[PDB]
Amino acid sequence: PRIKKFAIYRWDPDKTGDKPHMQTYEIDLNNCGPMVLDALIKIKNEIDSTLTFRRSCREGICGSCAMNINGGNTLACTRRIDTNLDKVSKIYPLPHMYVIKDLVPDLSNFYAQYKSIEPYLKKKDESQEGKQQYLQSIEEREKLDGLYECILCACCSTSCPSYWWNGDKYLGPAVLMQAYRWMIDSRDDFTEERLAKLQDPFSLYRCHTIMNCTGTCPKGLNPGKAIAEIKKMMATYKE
C-alpha cells in the first residue's frame, strides 16, 4: 500500500450557512492512475460522490478540468501526481473566480470576453464564400502555430493578477492571444478594425508584463509574447 493525501476546496451552495473549507482524502496510488484527475475521479467514485468538478476529454484538449494544483493553474488530466508521500496535494478552483460549487468556477464572463473580439474569419467581400478555398502559403500558415492550439482552459487569464483586480474590463491573456490569432491570419481583412477595438485603457493595456500566463499555460503556449506583439501593432498600424 502507498497512501497519498489530498486537500481539496469544498463549498456547497444548497447547504444552509456553509462556508468554504478544505477536505482531505486518502488514496492508495497502487489502485489509481498517474494523473490528478484520476485521483479526483477515484475519490468521487469510491470515497465521496459529492466532490463536484468539470471533466471530459481526459487527454488535455477540451480544457474542462482546469484548476489550481499546488499553487499553479493546470489541467488535472495532464498533471501527474507527486509520488512524494510526505507532501500533501492541495487542490483549489481557478483563483479569483466566483465559485458555483466546489471546484467549478463561473466562466461565463470569460466566454463573453471571447465573444466580443469576434473570433471568426472576416472578409470585406463575402459574396464568394463557400465555393472556393482561400489561398494561404506555408509561411503565412506558420504564423498561426503557437496561437491556434489554444484550448480556452482559462488557466492563464486566471493566473494574471491584472485579471484578478480588473477582470471585468480587461480581456486577459487567453482572449487577447485569440485577437492576435485573427490579426496575423493572412485570410482576415479586418486587421485594422480589430486593433481599434482595443483602443481604451483597459481592453489590452491592463497588461503590465507580469508573465504569469505563459508560465502556467498547460499547452506550452506563450500569450504574453502575443500580447507584446499586439502592443507593437497598435503603435505601428496606420490609418
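When you see a residue number, it is the position in the sequence shown, counting from 1.
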item	value
Greater mean Cα temperature factor according to the PDB record, 45-53 or 200-208	45-53
Greater mean Cα temperature factor according to the PDB record, 143-151 or 76-84	76-84
Member of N166, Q128, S157, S108 with the greatest C-alpha B factor (per the PDB record)	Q128
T214, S64, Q178, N31, ranked by C-alpha B-factor: the highest one	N31
Chain-relative CA temperature factor third for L171	lowest
Chain thirds of CA B-factor: placement of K115	lowest
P20 CA temperature factor, ranked by third within the chain	highest
Chain thirds of CA B-factor: placement of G224	lowest
